[PDB]
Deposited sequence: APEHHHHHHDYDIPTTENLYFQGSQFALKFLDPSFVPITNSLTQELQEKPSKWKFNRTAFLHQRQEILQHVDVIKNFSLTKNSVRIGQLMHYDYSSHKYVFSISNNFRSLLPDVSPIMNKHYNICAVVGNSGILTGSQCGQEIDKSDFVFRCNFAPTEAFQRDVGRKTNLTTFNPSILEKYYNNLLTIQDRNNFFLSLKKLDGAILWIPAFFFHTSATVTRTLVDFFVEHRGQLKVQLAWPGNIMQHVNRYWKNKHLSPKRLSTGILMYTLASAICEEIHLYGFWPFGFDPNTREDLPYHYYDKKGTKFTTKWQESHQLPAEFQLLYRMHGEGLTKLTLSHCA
């Protein structure tokens, strides 16, 4: 695989033509009004969410990625293809590492690495893994997870699904209460998937719901000189051994075809094999 820097910078210019990535990355204090009604990107337009004093107080003053430039970025998905890959060292060598859905690293360091600079957080994760922060034990566990992220950006898409509404109110309340006690940088994208989906429409990727991986590649494109993908592999067998794989390392086929095409054209390095 050889990196084609000119093709990549060209892809970047095309992306930024269709998506104002720095702006789209997160709402800012002055980009919303108290009382404003947000709609949900992937839900009926009739669903709304009112912006409280408190939600707004949790937004950044300027985009967390304004004037940031990193040389090598790793974007790490959650496929089982990472299990036994020993990609840990190669991933941690990167200048900036994106991860998906609050994925765990402590017990998987050798394969996925421990360095984290941005991680995505669907608010449904409170419900599934932290019991809606209903007990002291859960509130402490959540606090502790967030402390381990140090100064990483936590990218919370609250306005994708209307089913994230009630949990958004629990998160917001938790973050206000613990204001000043965490170095984690919150980022809250608004209604951005129409604009993101337009760029990728012209590259014949269609689907109902664009994946977090393609979305990550899109952000990464604005701030990384060179993107390497790890853990993107939708199928439940290994591509070299053909032995079975766990669906996720810690236990869509249209998207992956596209990334493999891009790997072919030297835009990015998709890694599907053991590292060391």
- Stretches with no C-alpha atoms in the model, relative to the deposited sequence starting at 1: 1-52, 304-318
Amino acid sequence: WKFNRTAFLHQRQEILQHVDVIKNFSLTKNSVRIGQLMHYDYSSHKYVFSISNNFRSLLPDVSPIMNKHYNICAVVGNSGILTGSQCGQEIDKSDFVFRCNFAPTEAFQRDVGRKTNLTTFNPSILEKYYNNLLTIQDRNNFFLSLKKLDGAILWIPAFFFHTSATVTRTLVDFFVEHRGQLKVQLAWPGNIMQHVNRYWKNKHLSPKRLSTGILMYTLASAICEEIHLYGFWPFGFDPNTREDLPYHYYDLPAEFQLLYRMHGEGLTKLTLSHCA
From here on, numbers count along this sequence of modelled residues.
- Averaged over C-alpha atoms, is the B-factor higher for 214-222 or for 239-247 in this PDB entry? 239-247
- Item | Entry-level comparison of average CA B-factors, 99-107 and 167-175, reporting the higher stretch | 99-107
- Message: Maximum C-alpha temperature factor per the entry, among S31, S44, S63, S57, belongs to which one?
- Response: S44
- Message: Comparing recorded Cα B-factors across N141, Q185, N117, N122, which one is largest?
- Response: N122
- Taking the entry's C-alpha B-factors for this chain, is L272 in the lowest, middle or highest third? highest
- Query: Is the Cα B-factor recorded for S145 in the lowest, middle or highest third of its chain?
  - Reply: lowest
- Chain-wide C-alpha B factor ranking for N24, given as lowest, middle or highest third: lowest
- Once the chain's modelled residues are ordered by C-alpha B factor and cut into thirds, is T83 in the lowest, middle or highest one? highest
- Where does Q137 sit by CA temperature factor within its chain: lowest, middle or highest third? middle
